[PDB]
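Input: a single structure, listed below in structure tokens.
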There are 2 protein chains.
Amino acid sequence: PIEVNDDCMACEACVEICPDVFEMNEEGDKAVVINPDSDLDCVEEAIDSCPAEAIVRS
Amino acid sequence: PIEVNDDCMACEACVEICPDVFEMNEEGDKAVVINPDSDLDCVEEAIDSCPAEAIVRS
Ligand code: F3S
Ligand code: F3S
């Protein structure tokens with residue numbers, strides 16, 4: 001499944017690109033995965049758009 | 001890791017009991033796991049307190 005690692009810089013590109021799969025935590029300093037088994041094509045876009053390369057498939 | 005399945009009834013007991021691990025999604029109808037690898041003891045409490053038995057360890 002999809003995970004956000006500790007390299008997250010809170011860029012929030014993933015939230016803008018794929019809102020159905022990524023949300024920011026309450027603190028607002030790390031993205032959260034709402035559906036870790038998503039097949040949406042925006043997932044690939046979010047991974048490719050993360051500067052921190054924080055989004056991975058485990 | 002910890003997951004919330006589709007049986008979630010949005011009881012939000014998990015959010016009250018272990019706020020560092022569970023948050024509600026934006027719609028507010030499903031809990032989200034902020035740290036799926038957490039070892040906090042409140043995780044066990046949240047699992048035990050979920051009426052829907054929606055929280056599991058995969
Ligand atoms: S830095 Fe974090 S907020 Fe999203 S764009 Fe990369 S996972
Ligand atoms: S119903 Fe859902 S909101 Fe939490 S208490 Fe059970 S996982």
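Order of listing sets the numbers, starting from 1, for every ligand and every atom in it. Labels below follow one simple rule: chain letters A, B, ... track the order of the sequence lines, proteins then strands, and each chain is numbered from 1.
- Between A:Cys14 and A:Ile55, the shortest heavy-atom contact is CB-CD1, 3.6 Å.
- Residue, atom and distance of the protein heavy atom nearest to atom 6 (Fe) of ligand 1 are A:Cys50 SG, 2.2 Å.
- Counting heavy atoms under 4.0 Å from ligand 2, residue B:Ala10 touches it through the backbone alone.
- In plain terms, the two heavy atoms of A:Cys8 and A:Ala54 that are nearest each other are N-CB, 3.5 Å.
- The two residues A:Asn5 and A:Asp7 make their nearest non-hydrogen contact at OD1-N, 2.7 Å.
- Proximity to B:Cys14 (heavy-atom distance under 4.0 Å) selects the following atoms of ligand 2: 3 (S), 4 (Fe), 5 (S), 7 (S).
- For the two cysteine residues A:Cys18 and A:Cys42, the thiol sulfurs sit under 2.5 Å apart.
- Looking at A:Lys30, its side chain does come within 3.5 Å of a backbone N or O of A:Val4 through a donor-acceptor pair.
- Ligand-side atoms of ligand 1 in range of A:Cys11: 1 (S), 3 (S), 5 (S), range being under 4.0 angstrom from any heavy atom.
- Annotation: atom 7 (S) of ligand 2 to nearest protein heavy atom, B:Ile55 CG1, 3.5 Å.
- Residue A:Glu12 approaches ligand 1 through these ligand atoms, each under 4.0 Å from one of its heavy atoms: 3 (S), 5 (S).
- Scanning all protein heavy atoms for the shortest distance to atom 1 (S) of ligand 1 gives A:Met9 N, 3.2 Å.
- Looking at A:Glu23, its side chain does come within 3.5 Å of a backbone N or O of B:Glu26 through a donor-acceptor pair.
- A:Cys8 lies close to atom 2 (Fe) of ligand 1, since one of its N, O or S atoms is found at a distance under 2.8 Å.
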